[PDB]
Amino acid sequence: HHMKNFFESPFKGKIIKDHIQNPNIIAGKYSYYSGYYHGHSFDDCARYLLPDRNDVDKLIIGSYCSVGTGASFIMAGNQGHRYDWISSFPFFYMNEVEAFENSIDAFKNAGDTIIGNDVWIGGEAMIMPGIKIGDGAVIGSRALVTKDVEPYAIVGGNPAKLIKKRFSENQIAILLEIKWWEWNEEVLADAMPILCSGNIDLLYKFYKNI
């Protein structure tokens, strides 16, 4: 029952879609997890995600995302606790107690957890159940994300709050139209020096000439 480190070094991550074993995690190309400081593979970032059921909330991750060490995505909805029932205790799941035999299942799904494309998640951020995070967002280290995150928003804190957006509203609108994460690798390679800059207007010109 020993705990092992899946990462040889702080300075090497692992591409998520190449290493996950949980079929209820879906991950896009190139997105990676850098998990040296917490040891476990990315599968264990998806807490309480049942691997053997097709009717539970899934964890969906876009392309070109960066996930920091010990980030977690809380799955399984309410985990069998209803705070609007008289007790939050999950009687239905403790079936070794005769007194609990007529208990009722409190479990509720929350909806899928959806991480967009080009999302940078800092170390030990924690995403609550059912949350949607827009394309281009930045989730600060240790952010406790209780609400959906707008595209290109930088959020931080516990609870997480908007700090600022990465670009202006008009610039964001341009990026959401052109969706560079959908480009094939030949087109992406040609755009690479522009993508490694802030020149959204130039990328727009590039896109129009594809």
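Counting begins at 1, following the sequence as shown.
Taking the mean C-alpha B-factor of each stretch as recorded, 31-39 and 46-54 are not equal, and the higher mean is that of 46-54. As listed in the deposited structure, the average C-alpha B-factor of 124-132 and of 90-98 is greater for 90-98. Comparing the C-alpha B-factors of 187, 16, 200, 196 in the entry, the top value falls on 187.
When all modelled residues of the chain are sorted by CA temperature factor, residue 142 is found within the lowest third. Remark: residue 164 belongs to the middle third of its chain, ranked by C-alpha B-factor as recorded. Ranked by Cα temperature factor within the chain, residue 170 sits in the highest third according to the deposited record. Residue 183 sits in the highest third of its chain by CA B factor, as recorded in the PDB entry. Ranked by Cα temperature factor within the chain, residue 59 sits in the middle third according to the deposited record.
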